[PDB]
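Engineer: The structure under discussion is supplied below as structure tokens; questions concerning it will follow.
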Amino acid sequence: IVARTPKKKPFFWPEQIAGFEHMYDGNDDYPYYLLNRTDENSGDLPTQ
Amino acid sequence: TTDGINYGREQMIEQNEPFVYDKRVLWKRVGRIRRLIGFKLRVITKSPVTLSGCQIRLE
Amino acid sequence: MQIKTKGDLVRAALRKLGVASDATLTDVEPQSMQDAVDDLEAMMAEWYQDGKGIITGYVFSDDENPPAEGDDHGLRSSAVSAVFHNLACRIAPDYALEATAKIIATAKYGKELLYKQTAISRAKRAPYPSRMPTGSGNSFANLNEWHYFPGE
Amino acid sequence: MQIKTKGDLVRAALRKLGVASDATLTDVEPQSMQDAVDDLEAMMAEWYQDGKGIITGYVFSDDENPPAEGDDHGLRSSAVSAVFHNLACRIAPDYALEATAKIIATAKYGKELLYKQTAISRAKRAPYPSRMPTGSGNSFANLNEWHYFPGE
Amino acid sequence: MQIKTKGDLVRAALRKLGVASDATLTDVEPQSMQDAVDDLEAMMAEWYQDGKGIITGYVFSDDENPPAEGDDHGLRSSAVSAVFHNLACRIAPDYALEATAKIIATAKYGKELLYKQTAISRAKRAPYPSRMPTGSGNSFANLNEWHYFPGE
Amino acid sequence: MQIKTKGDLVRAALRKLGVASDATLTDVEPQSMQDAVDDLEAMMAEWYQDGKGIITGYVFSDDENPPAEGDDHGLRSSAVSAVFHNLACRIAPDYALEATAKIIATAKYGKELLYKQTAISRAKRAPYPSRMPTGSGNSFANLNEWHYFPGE
Numbered sequence: 340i341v342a343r344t345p346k347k348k349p350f351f352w353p354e355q356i357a358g359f360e361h362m363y364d365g366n367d368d369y370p371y372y373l374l375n376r377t378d379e380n381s382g383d384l385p386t387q
Numbered sequence: 414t415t416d417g418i419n420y421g422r423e424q425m426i427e428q429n430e431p432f433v434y435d436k437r438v439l440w441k442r443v444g445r446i447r448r449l450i451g452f453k454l455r456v457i458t459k460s461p462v463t464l465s466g467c468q469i470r471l472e
Numbered sequence: 001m002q003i004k005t006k007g008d009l010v011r012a013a014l015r016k017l018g019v020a021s022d023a024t025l026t027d028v029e030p031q032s033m034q035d036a037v038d039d040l041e042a043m044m045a046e047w048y049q050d051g052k053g054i055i056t057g058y059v060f061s062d063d064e065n066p067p068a069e070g071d072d073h074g075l076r077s078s079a080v081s082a083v084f085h086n087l088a089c090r091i092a093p094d095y096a097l098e099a100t101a102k103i104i105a106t107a108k109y110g111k112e113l114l115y116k117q118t119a120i121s122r123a124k125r126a127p128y129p130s131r132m133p134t135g136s137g138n139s140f141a142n143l144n145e146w147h148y149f150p151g152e
Numbered sequence: 001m002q003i004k005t006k007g008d009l010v011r012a013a014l015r016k017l018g019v020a021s022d023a024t025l026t027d028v029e030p031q032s033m034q035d036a037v038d039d040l041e042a043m044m045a046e047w048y049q050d051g052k053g054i055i056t057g058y059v060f061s062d063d064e065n066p067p068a069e070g071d072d073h074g075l076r077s078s079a080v081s082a083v084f085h086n087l088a089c090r091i092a093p094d095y096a097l098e099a100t101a102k103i104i105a106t107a108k109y110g111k112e113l114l115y116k117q118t119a120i121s122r123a124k125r126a127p128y129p130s131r132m133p134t135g136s137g138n139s140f141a142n143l144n145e146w147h148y149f150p151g152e
Numbered sequence: 001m002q003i004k005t006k007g008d009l010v011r012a013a014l015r016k017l018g019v020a021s022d023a024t025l026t027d028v029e030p031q032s033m034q035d036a037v038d039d040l041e042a043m044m045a046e047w048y049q050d051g052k053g054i055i056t057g058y059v060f061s062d063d064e065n066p067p068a069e070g071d072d073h074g075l076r077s078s079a080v081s082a083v084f085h086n087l088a089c090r091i092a093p094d095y096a097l098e099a100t101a102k103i104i105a106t107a108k109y110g111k112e113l114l115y116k117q118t119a120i121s122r123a124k125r126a127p128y129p130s131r132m133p134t135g136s137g138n139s140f141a142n143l144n145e146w147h148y149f150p151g152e
Numbered sequence: 001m002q003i004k005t006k007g008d009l010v011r012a013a014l015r016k017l018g019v020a021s022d023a024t025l026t027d028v029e030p031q032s033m034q035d036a037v038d039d040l041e042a043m044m045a046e047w048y049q050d051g052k053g054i055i056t057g058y059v060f061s062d063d064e065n066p067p068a069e070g071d072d073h074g075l076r077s078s079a080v081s082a083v084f085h086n087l088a089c090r091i092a093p094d095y096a097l098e099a100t101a102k103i104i105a106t107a108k109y110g111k112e113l114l115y116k117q118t119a120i121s122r123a124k125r126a127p128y129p130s131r132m133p134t135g136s137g138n139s140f141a142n143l144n145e146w147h148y149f150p151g152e
């Protein structure tokens, strides 16, 4: 159970972090995490 | 017909029957109208042909 | 099974949409049939993402053989319904139509059943990490100096 | 049962849809028969995912027999209602119709009843893990040195 | 695939919009083709944000070749459907139409499928921090006296 | 890119709105063209808050050269769609019109993509406070008597 179990990590849609994928790799070069807000077809990304 | 001159595929429907007084001459599925349409409705008979009230469901 | 070719799939999709069948009096033109065949090919290529998508056994025709229509699709007997329902849904736009609720539901159900077996096969568990010991319970592995799991 | 052939199933489905029955004055048309027979074959092949789906005993016609219409479906008496109600629901969009709420509810109920017995059969518990002791209460295994369960 | 050119992409988009297709007895207009090609170029430049966007293999034409039409798009076979659906959605306001819900949903799904593989590739872990010890279990690190991770 | 001038952007915006294009039989006057160019310049100047806003490389025209229309905007290939979509949204009210939902959504998406890279670059972390010791592990700093981090 200890070893072969996925750890605690967030669930992301690819569009949410598209373009900001280097902010979540674990480095500490940024003061916050950015997210994509809009889509060209749906207007706004769903909020969950 | 889709152009007013040439008529396409021809389908045979029993429009009469001896000693039957309720027949309901009908065709289930007609195709999709591209621009225009017309119908031929040809009969070949030795007995009288009475026809009235042609109708379709255009949707 | 009678739906043996891409042309058969396209004809089934049109019959589902109510645009063309064997009982109709007006039919769609072969150029439109070819366009629908190309839309089917595009949909299957989008599904099968170069091996990492939905595996069904579809065969992509080559331009060396001129007509793409007329080549057997190669799908199994259980995927034809889903494939041509999805094709009808995709090509309804062209004729200013909209696929009905039953068609959309059958399309969703068919795609789900298409990917069910692939998902079951792909639900694999990763091996033990490179830092687990094998444990002393494995006496045979202990006697061979196999003290940690390899990994990868 | 009176319903014994694929043609009987198609006639029942068309009658439920109201397209062609003696309740009205409409008679079934051969092109409306063949398309619905093909639809039924596709739907049954989708349901029976090569044995991993719904089991019905349906007999799949081979290409050697020219008329698919007329062959016995092979279904049990308890599957005919579900099969033909779902067939009516599936072939309703052909005539740009919509199956009624009672037909839809009966189709859902029949499909659930079709899968009920297979679900009960397939609800099976996995064997003991390979790392359990057999327990010293089992004297036979203890003496034989069957101290652990096989697994798999 | 028979869709190998920007013109084929534009024709597919117009077919889906219903603006110009064989099924509607409407031919494609060159004044509507140049505008659609310009939109396609703008959309692809917006997507492929100079290498940091949605990689698709699209080939951007140059001012050296006078007619932009006739050039191969360079898209992989699994991108054309998404691309021309999105193009139809984008160029609908030119003719003051509205792409239907099926086209909009297909464009969304295709764009997500386009970015899926690049997202998987870009989901990478940063290296160990420059302040972490390497531990005493690593034989090579102990040999080279690399008590701390390189970092960066 | 085919669009290389402020007038090209304005004509693209009018094409989107459906007011005028290269196929329309009616056109808008050069005074209206100049008004649209002025609105585009105002909107770009509002975005580029003297360098503290959105950086796009837009080259503002000068009054010494008479025609503002005719100058290369200087935008990159990935900004043209966003700029002219927002321009169409801005100049829609002039003609008693209203930008459509697809145009508005594309405008929002384009502006977000325009500011994405600048936001990534501006997401910087401030240096250590002037009251933070450098730690005794910082050997070079401690030797050079940099006991505390340099204030800024």
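Residue numbers (UniProt numbering), protein chains in the order written: chain A, 340 to 387; chain B, 414 to 472; chain C, 1 to 152; chain D, 1 to 152; chain E, 1 to 152; chain F, 1 to 152.
Using N, Cα and C, we set each Cβ at its ideal position, and we do this for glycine too.
By the three-class DSSP mapping on this structure, what secondary structure does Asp27/D have?
Structural biologist: Within the fourth sequence, numbered from 1, the residue matching residue 27/D stands at position 27. Here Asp27/D sits in coil by DSSP.
Engineer: Could you give the DSSP three-state label for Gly137/E: helix, strand or coil?
Structural biologist: Against the fifth sequence, residue 137/E aligns to sequence position 137. If DSSP states are grouped into helix, strand and coil, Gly137/E belongs with coil.
Engineer: With a threshold of 7 Å on Cβ separation, who are the neighbours of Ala88/D within its own chain once the five nearest residues in sequence on each side are excluded?
Structural biologist: Position 88 of the fourth sequence holds residue 88/D. So the qualifying residues of the chain are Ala13, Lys16, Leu17, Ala99 and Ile103.
Engineer: If we cut at 9 Å on Cβ distances, does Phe350/A have a partner in chain F?
Structural biologist: One-based indexing of the first sequence puts residue 350/A at position 11. Chain F, which has no Cβ nearer than 9 Å to the Cβ of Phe350/A, makes this no.
Engineer: Would you grab the beta carbon distance between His85/D and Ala107/D for me? Rounded to a whole angstrom, and I think it's under 8 Å.
Structural biologist: Within the fourth sequence, the letter at position 85 stands for residue 85/D. Within the fourth sequence, the letter at position 107 stands for residue 107/D. About 4 Å; that satisfies the 8 Å criterion.
Engineer: If the cut is a Cβ gap below 7 Å, which residues of chain B does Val10/D touch?
Structural biologist: Sequence index remark: in the fourth sequence, residue 10/D carries index 10 (1-based). The premise fails here: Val10/D is roughly 14 Å from chain B at the closest Cβ pair, so nothing lies under 7 Å.
Engineer: Can you say whether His73/D is buried or exposed, counting buried as having 16 or more other CB atoms within 10 angstroms of its CB?
Structural biologist: Looking up residue 73/D in the fourth sequence gives position 73. The residue is buried, with at least 16 neighbouring Cβ atoms inside 10 Å.
Engineer: When you compare only the Cα positions, how much space is there between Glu64/D and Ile91/D?
Structural biologist: Residue mapping note: residue 64/D aligns to position 64 of the fourth sequence, counting from 1. Residue mapping note: residue 91/D aligns to position 91 of the fourth sequence, counting from 1. About 26 Å.
Engineer: One question on the structure: do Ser81/C and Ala42/D come within less than 9 Å of each other, judged by their Cβ atoms?
Structural biologist: Your numbering for residue 81/C matches position 81 in the third sequence. Your numbering for residue 42/D matches position 42 in the fourth sequence. Yes.
Engineer: Would you report the Cα separation of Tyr420/B and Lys459/B, rounded to the nearest angstrom?
Structural biologist: In the second sequence, the residue the question calls residue 420/B occupies position 7. In the second sequence, the residue the question calls residue 459/B occupies position 46. Spanning the two alpha carbons is a distance of roughly 25 Å.
Engineer: In chain C, which residues lie less than 7 Å from residue 160/E when you measure between Cβ atoms?
Structural biologist: Residue 160/E falls outside the range modelled here, since chain E spans only 1 to 152, and no answer is possible.
Engineer: When burial is assigned at 16 or more other CB atoms within 10 Å of the CB, is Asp62/D buried or exposed?
Structural biologist: Here residue 62/D corresponds to residue number 62 of the fourth sequence, with the count starting at 1. Exposed, because fewer than 16 other Cβ atoms sit within 10 Å of the Cβ of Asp62/D.
Engineer: Tell me which same chain residues have a C-beta within less than 7 Å of the C-beta of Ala101/C, skipping the five on either side of it?
Structural biologist: For the purposes of this step, residue 101/C is taken as the residue at position 101 of the third sequence. Hits under 7 Å: none found.
Engineer: How about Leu87/C: is its C-beta nearer than 9 Å to some C-beta of chain B?
Structural biologist: Residue 87/C sits at position 87 when you count from the first residue of the third sequence. No - not a single Cβ of chain B is within 9 Å of the one on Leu87/C.
Engineer: Does the segment 23-31 of chain E touch the segment 437-449 of chain B, meaning 3 or more C-beta pairs lie closer than 8 Å?
Structural biologist: Yes: the two stretches touch, three or more of their Cβ pairs being nearer than 8 Å.
Engineer: Is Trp47/E buried or exposed, if buried means 16 or more other CB atoms sit within 10 Å of its CB?
Structural biologist: Within the fifth sequence, residue 47/E is the residue found at index 47, counting from 1. Buried, because 16 or more other Cβ atoms sit within 10 Å of the Cβ of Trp47/E.
Engineer: Going by C-alpha to C-alpha distance, which of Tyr372/A, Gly382/A, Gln387/A and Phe351/A sits closest to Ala119/F?
Structural biologist: For the purposes of this step, residue 119/F is taken as residue 119 along the sixth sequence, with counting starting at 1. Considering only alpha carbons, the answer is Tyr372/A.
Engineer: Rounded to whole angstroms, what's the CA-CA distance from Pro133/C to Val341/A? Just pull it up for me.
Structural biologist: The residue given as residue 133/C occupies position 133 in the third sequence. The residue given as residue 341/A occupies position 2 in the first sequence. One C-alpha to the other measures close to 13 Å.
Engineer: How long is the line joining the alpha carbons of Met1/C and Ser77/C, rounded to whole angstroms?
Structural biologist: Walking along the third sequence from the start, residue 1/C turns up at place 1. Walking along the third sequence from the start, residue 77/C turns up at place 77. If you take the alpha carbons of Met1/C and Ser77/C, they lie about 7 Å apart.
Engineer: Going along chain A, which residues have a C-beta under 9 Å from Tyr95/C?
Structural biologist: Here residue 95/C refers to the residue found at position 95 when the third sequence is read from its first residue. In chain order: nothing, as chain A lies at least about 23 Å away.
Engineer: I'd like the list of long-range same chain contacts for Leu374/A, defined as Cβ closer than 6 Å, with 5 residues on each side in sequence excluded.
Structural biologist: Within the first sequence, numbered from 1, the residue matching residue 374/A stands at position 35. Excluding sequence neighbours, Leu374/A sits near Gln355.
Engineer: Considering only their Cβ atoms, is the gap separating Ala79/C from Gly57/C smaller than 9 Å?
Structural biologist: Within the third sequence, numbered from 1, the residue matching residue 57/C stands at position 57. Within the third sequence, numbered from 1, the residue matching residue 79/C stands at position 79. Closer than 9 Å, so yes.
Engineer: First and last residue of the alpha helix (DSSP H) that includes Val80/C?
Structural biologist: The residue given as residue 80/C occupies position 80 in the third sequence. From DSSP, the alpha helix (DSSP H) with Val80/C extends over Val80 to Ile91.
Engineer: Can you tell me whether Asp72/D is helix, strand or coil according to DSSP?
Structural biologist: On the fourth sequence, position 72 is the one that residue 72/D refers to. In the structure shown, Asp72/D sits in a strand (DSSP, three-state: E or B).
Engineer: Which residues in chain C sit within 7 Å of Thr415/B, going by Cβ to Cβ distance?
Structural biologist: Translated into positions along the second sequence, residue 415/B becomes position 2. Within 7 Å Cβ-Cβ: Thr26.
Engineer: Buried or exposed for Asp94/D, going by 16 or more other Cβ atoms inside 10 Å?
Structural biologist: Translated into positions along the fourth sequence, residue 94/D becomes position 94. Answer is buried; the Cβ neighbour count reaches 16.
Engineer: Excluding the 5 residues flanking residue 389/A on each side, which residues of the same chain have their C-beta closer than 7 Å to its C-beta?
Structural biologist: The structure shown has nothing for residue 389/A, since chain A only spans 340 to 387.
Engineer: Counting only beta-carbon separations shorter than 9 Å, does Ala119/C have a partner in chain A?
Structural biologist: On the third sequence, position 119 is the one that residue 119/C refers to. With 9 Å as the cut-off, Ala119/C does not count as an interface residue toward chain A.
Engineer: Measure the beta-carbon distance from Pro127/D to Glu152/D and round it to whole angstroms, keeping in mind my assumption that it falls under 8 Å.
Structural biologist: Here residue 127/D refers to the residue found at position 127 when the fourth sequence is read from its first residue. Here residue 152/D refers to the residue found at position 152 when the fourth sequence is read from its first residue. At roughly 7 Å, the Cβ-Cβ gap stays under 8 Å, so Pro127/D and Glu152/D are in contact.
Engineer: Got a sec, what are the start and stop residues for the alpha helix (DSSP H) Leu9/E sits in?
Structural biologist: Within the fifth sequence, the letter at position 9 stands for residue 9/E. Run containing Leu9/E: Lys6 to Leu17, per the alpha helix (DSSP H) assignment.
Engineer: Just the chain C side, please: which residues come within less than 8 Å of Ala357/A by C-beta, in chain order?
Structural biologist: In the first sequence, residue 357/A corresponds to position 18, counting from 1. In chain order: nothing, as chain C lies at least about 18 Å away.
Engineer: Does the beta-carbon of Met44/C have 16 or more other beta-carbons within 10 angstroms, so that it is buried, or is it exposed?
Structural biologist: In the third sequence, residue 44/C corresponds to position 44, counting from 1. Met44/C should be labelled buried.
Engineer: Any idea if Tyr148/C is buried or exposed, counting beta-carbon neighbours within 10 angstroms, 16 or more meaning buried?
Structural biologist: The residue you call residue 148/C lines up with position 148 of the third sequence. Answer is exposed; the Cβ neighbour count stays below 16.
Engineer: Is the CB-CB distance between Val10/C and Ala36/C below 9 Å?
Structural biologist: As a first step, residue 10/C is located in the third sequence; it is residue number 10 there, counting from the start. As a first step, residue 36/C is located in the third sequence; it is residue number 36 there, counting from the start. Their beta carbons are under 9 Å apart, which means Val10/C touches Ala36/C by this criterion.
Engineer: With 16 other CB atoms within 10 Å as the buried threshold, where does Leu454/B fall?
Structural biologist: One-based indexing of the second sequence puts residue 454/B at position 41. Exposed, since its Cβ has fewer than 16 Cβ neighbours within 10 Å.
Engineer: I want to check one thing, is the minimum distance from the CB of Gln31/C to the heavy atoms of the ligand PLP below 8 Å?
Structural biologist: No copy of the ligand PLP occurs in the structure displayed, which carries no ligand at all.
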